[PDB]
Amino acid sequence: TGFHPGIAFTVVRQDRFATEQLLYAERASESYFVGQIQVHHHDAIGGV
Amino acid sequence: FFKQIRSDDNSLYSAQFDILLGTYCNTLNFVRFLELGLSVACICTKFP
């Protein structure tokens, strides 16, 4: 009806934006160990 | 277009075809009326 029942609210909403980051990394900031390739086969739809 | 070959690639090894194994026509026997024996009853004369 357009009546103010003597009480107010605080609206809280959250949005989501698409950005583009800018990454920077120092040399030799990562020790990285590589194992060995292993292969496995298992049937599927009309194909091995 | 069709991408749905997700390296499943079946029906890519179809080799069915259709062949024409030859044909056969014939000739017409050009009969000479005079070399019959019926012609012994008529006398043939040309008149241009």
# chains A, B, ... in the order shown; residues from 1 in each chain; ligands from 1
call {"tool": "interface_residues", "arguments": {"of": "chain B", "to": "chain A", "cutoff": "9 Å", "atoms": "only C-alpha atoms", "output": "VMD selection string"}}
result
chain B and resid 8 to 10
call {"tool": "write_last_selection", "arguments": {"atoms": "N, CA and C atoms", "output": "short mmCIF file (atom, residue, chain, number, x, y, z; two decimals), in the first residue's frame"}}
result
data_model
loop_
_atom_site.label_atom_id
_atom_site.label_comp_id
_atom_site.auth_asym_id
_atom_site.auth_seq_id
_atom_site.Cartn_x
_atom_site.Cartn_y
_atom_site.Cartn_z
N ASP B 8 37.81 -41.30 -32.84
CA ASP B 8 37.18 -42.61 -32.83
C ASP B 8 37.20 -43.21 -34.22
N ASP B 9 37.09 -42.36 -35.24
CA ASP B 9 37.39 -42.67 -36.63
C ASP B 9 36.97 -44.08 -37.04
N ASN B 10 35.71 -44.40 -36.81
CA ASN B 10 35.13 -45.55 -37.47
C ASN B 10 34.36 -45.09 -38.69
#
call {"tool": "atom_distance", "arguments": {"atom1": "CA of residue 16 (chain B)", "atom2": "CA of residue 1 (chain B)"}}
result
22.4 Å
call {"tool": "select_by_dssp", "arguments": {"residues": "chain B", "states": "helix (DSSP H, G or I)", "output": "PyMOL selection string"}}
result
chain B and resi 38-41
call {"tool": "atom_distance", "arguments": {"atom1": "CA of residue 41 (chain A)", "atom2": "CA of residue 7 (chain B)"}}
result
15.2 Å
